[PDB]
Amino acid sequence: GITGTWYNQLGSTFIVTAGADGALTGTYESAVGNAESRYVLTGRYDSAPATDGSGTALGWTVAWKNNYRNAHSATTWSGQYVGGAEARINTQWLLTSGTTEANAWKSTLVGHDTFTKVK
């Protein structure tokens, strides 16, 4: 159910393929920030979820560098997939920028994104 095209509240696009071994691979296109075009993403997910009523834990990373731009930063999203008629991935994320050692204290942003599956 994870595999497919998803969009978040900002208009960003997340295209992912879930592998049988727990691997997530795909491309991400961000509606905001210092980004252009597609960026490679790689992640992991729990391929043997609990079967009560719980979500599937997962996470993925994107380094903001492709052939067109490099923002010297990486974002990791951690959250869970909640399947159903209306599938959603609720996340919390951390965006770290490469900084000198003096600005290190302000290298990391934190937010939350909710993704909606197309079709």
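All residue numbers are counted from 1 along the displayed sequence. Rigid core here is just the name for the largest C-alpha set that superposes within 1.5 Å across the two forms.
So if we fit everything on the core, which stretch drifts more in 4 other deposited structures of this protein, 5-13 or 19-27, C-alphas only? Most displaced of the pair in 4 other deposited structures of this protein: 5-13.
Quick check: by Cα RMS after rigid core superposition, does 88-96 or 46-54 differ more from this form in 4 other deposited structures of this protein? More C-alpha displacement in 4 other deposited structures of this protein shows up in 46-54.
Which is higher on average in the deposited entry, the C-alpha temperature factors of 70-78 or of 85-93? The stretch with the larger mean CA B-factor is 85-93.
Mean Cα B-factor comparison, 26-34 or 51-59, giving the higher one as deposited: Mean B over CA atoms: larger for 51-59.
Return the residue from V110, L10, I15, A20 that has the highest Cα B-factor in the entry. Comparing C-alpha B-factors across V110, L10, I15, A20, the top value belongs to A20.
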